[PDB]
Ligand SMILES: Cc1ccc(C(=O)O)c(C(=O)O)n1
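Single chain ahead, written as structure tokens, the form solved without the ligand.
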């Protein structure tokens, strides 16, 4: 009955993201991870690579599935008969641009956004910072799922 969408670009997915997926899957009957693709800028990983990395590290979550999309998040959510977004947060500044988008999304489509505090251990990892650190040789193995780390190193090499 109940359900939420967990959106992001997940390029690549991090252990911070996985933490949020797990907590959403524990509290909602179904969870859809929404991999948002910009048709005008390729990330590091193709859509199929992003989805596979997420599937491989969520195999123990039976009520979670992964789908890509583009355009308005709230269209993705409503077309699936849902009206909740779950998003991970780190700081009060993350709460400002995110609050703006959450209130816009409620205004235009009646979709609710629930924020959850990331786990402390994973709180400083972001996809962008992990990529940037890995590019210049820093060790980010503890911040990313096994499904990701060596594929990341391969892309950089």
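Numbering follows the first chain given and starts at 1. Rigid core here is just the name for the largest C-alpha set that superposes within 1.5 Å across the two forms. Residues that one form lacks are left out of the comparison.
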{"item": "Test item: residue 41 lacks coordinates in at least a third of other entries", "value": "yes"}
{"item": "107-115 versus 53-61 - greater average Cα B-factor per the deposited record", "value": "53-61"}
{"item": "Residue stretch of maximal mean CA temperature factor, 117-125 vs 39-47", "value": "39-47"}
{"item": "Identity of residue with top Cα B-factor, from 13, 20, 133, 146", "value": "146"}
{"item": "Chain thirds of CA B-factor: placement of residue 153", "value": "middle"}
{"item": "Lowest, middle or highest third - CA B-factor, residue 92", "value": "highest"}
{"item": "Cα B factor band for residue 30 (lowest, middle or highest third within the chain)", "value": "middle"}
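This protein has a second form, the form deposited with the ligand bound, left out of what is shown; the following refers to that one.
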item	value
Binding-site state, shown form vs the ligand in the entry with it bound, superposed, 3 or more atoms under 2.4 Å of backbone or C-beta	open
Residue 89, heavy atom within 4.5 angstroms of the ligand in the entry with it bound	yes
Non-hydrogen atom contact residue 127 with the ligand in the entry with it bound at 4.5 angstroms	yes
Distance check, residue 93 to the ligand in the entry with it bound, heavy atom within 4.5 Å	yes
Rigid-core-referenced C-alpha movement of 2 Å or more between this form and the one not shown, selected from 46, 27, 63, 93	93
Consecutive stretches, 3 or more residues long, displaced between this form and the one not shown (C-alpha shift of at least 2 Å once the core is aligned)	90-95
